[PDB]
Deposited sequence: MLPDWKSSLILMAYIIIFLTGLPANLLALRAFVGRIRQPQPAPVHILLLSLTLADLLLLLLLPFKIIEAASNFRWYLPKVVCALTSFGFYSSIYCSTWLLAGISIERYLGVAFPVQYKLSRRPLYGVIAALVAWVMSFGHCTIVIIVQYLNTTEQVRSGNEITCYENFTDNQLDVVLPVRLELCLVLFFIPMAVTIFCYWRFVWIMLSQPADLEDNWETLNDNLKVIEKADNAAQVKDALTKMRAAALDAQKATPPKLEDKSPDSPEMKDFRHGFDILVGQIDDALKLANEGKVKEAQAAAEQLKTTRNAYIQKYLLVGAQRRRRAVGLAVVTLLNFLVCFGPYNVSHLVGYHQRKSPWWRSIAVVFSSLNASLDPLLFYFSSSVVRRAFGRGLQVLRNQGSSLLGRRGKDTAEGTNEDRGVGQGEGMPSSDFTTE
């Protein structure tokens, strides 16, 4: 009861804290465009904002669930659409954050290439690759898993045979769409921070802060969910703390705003104006 209510209120907080800041971020980038940005970084970040918006706008469904002890029964189609809605955002975000890690390292360190390739169009493909990879692979999940008065919004008994097909797919996504980005993100930022270490204080604090946020996201926000998938092999059963792990997956949407503040000064100016009003 209260155990459920807490997640409801936490999700409301995430919604009511996130959505305004994310809309302000979206507007900030739309502002930062001025003449459509020449910078590949600013495009990739915009995609993350859209991926966040996609999640945050669909987030309220969860607060409604948490009230009703996951009772209200949704059609299998609706259940699938909402599930796909979530999956897309997370695994898109991971590759985008990896793309940012690439961008900062390759951009700042070894700047000769960045001086020549300061055109925006070379960047756009990375966002499209992230979207295509996310959508394309995530679709497989809902294909496989989809085509009574129990306390479950979507009870996932599946089938004993299907289990043997389903879990490998979840592990495949877990590995390729997270554990690989993880290996890239840390490899880039470890160097980027070293290069930055080797206005200056502001640049340093921005650069470190950026890396801290990206690291934190993978461990705190995305970690437990992707661990919970892997535990699937050990237990051969959906862990009870999946619903808890999901909280963290949503939490990212609250901390992603900071990324934009640390990255782009225009966002700091825009939030400055927003804070001036508020």
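Missing from the model relative to the deposited sequence are positions 1 to 3, 151 to 157, 209 to 317, 398 to 436 (no C-alpha coordinates, numbering from 1).
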